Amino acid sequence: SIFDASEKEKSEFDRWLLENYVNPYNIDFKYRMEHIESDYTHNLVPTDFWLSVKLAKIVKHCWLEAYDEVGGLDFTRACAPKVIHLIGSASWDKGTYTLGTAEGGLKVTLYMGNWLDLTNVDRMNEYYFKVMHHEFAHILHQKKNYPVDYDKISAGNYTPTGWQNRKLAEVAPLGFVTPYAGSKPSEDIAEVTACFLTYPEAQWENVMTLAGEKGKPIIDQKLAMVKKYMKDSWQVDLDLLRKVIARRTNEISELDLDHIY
């Protein structure tokens, strides 16, 4: 098959990963199955090499370079995971990621296969980027705590257990951008940040519509506070970062996805 990689191709990709992930960001990006150790399901399939190359370039273009463009290299490094693993999967139906620890920080595993439509922005965000931005935001919060007043905004409406039994139409009027944002304040602020960065305008507005007269002002207040936090603590303009991410994810088909160098 025209899908198996030679040793030369794999060493060329290793070289590219050293130069584009390890050196600038201290991220270990792993695609070789022999170096990955995890639990598995009957969905496990061999990790597709040329698809791993495409994803390494898409991930760098749409997250790592976006963060660099708006916040600088130091910001990007401050919330980066330590390890990214790609593992092959037969479909998207058993979930598309897991999270763990490695070398003292975050490990992100992405499950992939050619069921992926790489240029479909809604699907890439749904499977991968939304959760990623959420976790990066959480690392930011650990290093520089967010304002304690955020927690008061929706005090009384959190469900730390049982969050999953409330749908969007129920939680939005209470000022929660997703059901999961309604669990605990620390998840709420990570969700506001991740939704704001990844939702196209129409999707964000739809949440505001479902929020109605009660919830809109609550979401507005949370978002203003997040914007202010990203500005004061990280010198990042969050609206600009949202726009830069959108510009970049629309540029995917302009990337040179069929070659390593």
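Note that residue numbering follows the sequence shown and begins at 1.
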| item | value |
| --- | --- |
| Greater mean Cα temperature factor according to the PDB record, 249 to 257 or 235 to 243 | 249 to 257 |
| Higher-scoring stretch by recorded Cα B factor average, 176 to 184 or 146 to 154 | 146 to 154 |
| Top residue by Cα temperature factor, when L106, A169, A190, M112 are compared in the entry | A169 |
| CA B-factor placement of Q164, once the chain's modelled residues are sorted into thirds | middle |
| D117, C-alpha B-factor rank within chain (lowest, middle or highest third) | highest |
| Chain third (lowest, middle, highest) by recorded CA B-factor, residue given as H133 | lowest |
| Within-chain third of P81 by Cα B-factor, per the entry | lowest |
| Entry-reported Cα temperature factor of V226, expressed as the chain third it lands in | middle |
